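The data below hold one chain only, encoded as structure tokens and taken in the form solved without the named molecule.
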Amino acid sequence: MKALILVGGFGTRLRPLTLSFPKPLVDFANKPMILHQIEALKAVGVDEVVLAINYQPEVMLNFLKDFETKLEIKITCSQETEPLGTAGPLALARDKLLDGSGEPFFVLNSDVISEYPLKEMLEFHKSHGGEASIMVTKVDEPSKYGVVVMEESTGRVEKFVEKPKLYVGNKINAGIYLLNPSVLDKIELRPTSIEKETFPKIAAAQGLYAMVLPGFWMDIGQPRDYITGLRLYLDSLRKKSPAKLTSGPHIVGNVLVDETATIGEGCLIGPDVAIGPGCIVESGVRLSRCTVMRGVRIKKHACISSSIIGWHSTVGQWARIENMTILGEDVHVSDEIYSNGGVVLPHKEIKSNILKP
């Protein structure tokens, strides 16, 4: 069983984190986003996963080598010259997706975090015998998305309404696709969109079916939705496997701590914090609604809220970091510095206060 992961560009919207490692390798909940998906794809019997990227994948060849051996799965890159959209890459890598068994293949948005009911979706797709199945999830602002209009008694999709000024529903594209090989005959090797060009073709032939996604969903493509997705994901661990969440008198809410991380005495971590491997959180540190990536040090008495601290960064003593601050890799914030939404490029030294760029 084959699978495709739609990456596209390196991800400007996640700068400066993506300036060091492209979008599918940025950490989410102590794991690179690629792991969350491949672990899920492997659990349904996927043996090869094609990565549809826009950048040169040589920058991530050393990481994927190790991930292929540990996860026992084939990862093949499929780079595009010009941006082919979300359906275009399906044609560019049609040779790597067709294996002759006529079996359907999975397609995933590289920035979608969920519980991935891929087993439950396999049985859904084979029941109605349609050409393509997509996952659907409900949101609060469907006017900002393309809303699905589906025959809810059967699941058959009639049409997609892009950015409806008037309410026609609240179910949107959840980014999880299950497509038969025949779909690849409806996509030319040009920039085409699967939701606005390919799906209407299948929606006309009455071969498009939608399955409501049971569980949380979030596209962490941008920083605001990244923090939101971390909260929804951590509460999923609270509901599913609470043993993975940490606990103690210094813990409020749901906190995920890597076993190789150091937590100093007298801290207060939470709610909704993810601390990565090799992190040194010194004594008396306040952390909430933030992500601390691999190898960053938070010196004593610092307070961090609603922020993302890039790999191997260093927050000085009594520093104040809040309001959607994003430190890149290897950023050294000095003591007592105040960041109100600072966006610091990698390897920089922050010696004075910074605000929103």
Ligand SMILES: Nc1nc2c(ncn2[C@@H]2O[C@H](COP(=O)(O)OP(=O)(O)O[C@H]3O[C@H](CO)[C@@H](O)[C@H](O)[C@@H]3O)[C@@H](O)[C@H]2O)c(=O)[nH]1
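Residue numbers here begin at 1 and follow the sequence given.
Keep in mind that the form solved in complex with the named molecule is missing from the display, and what follows is about it.
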| property | result |
| --- | --- |
| Heavy atom within 4.5 Å of the named molecule in the bound PDB entry - the one residue of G175, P142, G276, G130 that qualifies | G175 |
| Option touching the named molecule, based on a heavy atom within 4.5 Å in the bound PDB entry, out of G248, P83, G102, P214 | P83 |
| Segment assignment from 206-214, 182-190, 227-235, 105-113: heavy atom within 4.5 Å of the named molecule in the bound PDB entry | 105-113 |
| Contact flag, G146 vs the named molecule in the bound PDB entry, heavy atom cut 4.5 Å | yes |
| Interface membership of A319, the named molecule in the bound PDB entry, 4.5 Å heavy atom rule | no |
| Touches the named molecule in the bound PDB entry: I53 (any heavy atom, 4.5 Å) | yes |
| Exercise: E282 in contact with the named molecule in the bound PDB entry, heavy atom 4.5 Å | no |
